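Okay, here we've got a single chain as structure tokens, the form solved without 5-chloranyl-1,3-dihydroindol-2-one, with questions on binding and movement later.
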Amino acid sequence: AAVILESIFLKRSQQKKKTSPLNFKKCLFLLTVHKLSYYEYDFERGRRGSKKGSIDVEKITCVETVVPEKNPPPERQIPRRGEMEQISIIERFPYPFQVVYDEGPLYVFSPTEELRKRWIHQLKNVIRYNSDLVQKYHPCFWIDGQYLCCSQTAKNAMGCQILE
């Protein structure tokens, strides 16, 4: 299928336990009408590496922004307001979004506001006719065994905030 979008993002690793330290890894993300997939990026050869994951688009229930971390490390700090900077676009990833599906949320960090907007728009387009789209979501991260937004301790808990 034709690639709609291809980007390098920071993906948050699946937090195994409420005590497991959070890991963030750079991945190459591809979107088609059928799948959202992510790979290791082979920087030396300038191409995608091994596949790390794949989400069938029909399984996605929600795609929205996430409230950013309160005290992020410099790699994820939102810059002040004010052409593409080659280094910052592959080193700094301040803008998170979430992809909710059967196997909970996937958290992805974009280097720019515009790129995050592009992905959210295209994902909303490809999921438009899905059968299990939710009318509610969690605006905050699932962190250390609970949602920051509502303190619910189940990853599959119904969203606490109605989508406008």
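Start at 1 with the first residue shown and count on from there.
Not pictured, yet referred to below: the form solved in complex with 5-chloranyl-1,3-dihydroindol-2-one.
Shown-form site status with respect to 5-chloranyl-1,3-dihydroindol-2-one as positioned in the deposited bound form after superposition (2.4 Å backbone/C-beta criterion, 3+ atoms): This form leaves the site open.
So which of 33-41, 124-132, 64-72, 109-117 is the stretch with heavy atoms within 4.5 Å of 5-chloranyl-1,3-dihydroindol-2-one in the deposited bound form? Correct option: 33-41.
Check whether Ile55 has any heavy atom within 4.5 Å of a heavy atom of 5-chloranyl-1,3-dihydroindol-2-one in the deposited bound form, and answer yes or no. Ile55: yes, in contact with 5-chloranyl-1,3-dihydroindol-2-one in the deposited bound form.
Does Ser13 reach 5-chloranyl-1,3-dihydroindol-2-one in the deposited bound form if we count a contact as any heavy atom within 4.5 Å? Judged by the heavy-atom cut-off of 4.5 Å, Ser13 is in contact with 5-chloranyl-1,3-dihydroindol-2-one in the deposited bound form.
Could you tell me if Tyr101 has a non-hydrogen atom within 4.5 Å of 5-chloranyl-1,3-dihydroindol-2-one in the deposited bound form? Close contact exists here: in the deposited bound form, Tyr101 approaches 5-chloranyl-1,3-dihydroindol-2-one to within 4.5 Å, heavy atoms only.
With a 4.5 Å heavy atom cut-off, would you call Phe29 a contact of 5-chloranyl-1,3-dihydroindol-2-one in the deposited bound form? Output for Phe29 is yes: heavy atoms within 4.5 Å of 5-chloranyl-1,3-dihydroindol-2-one.
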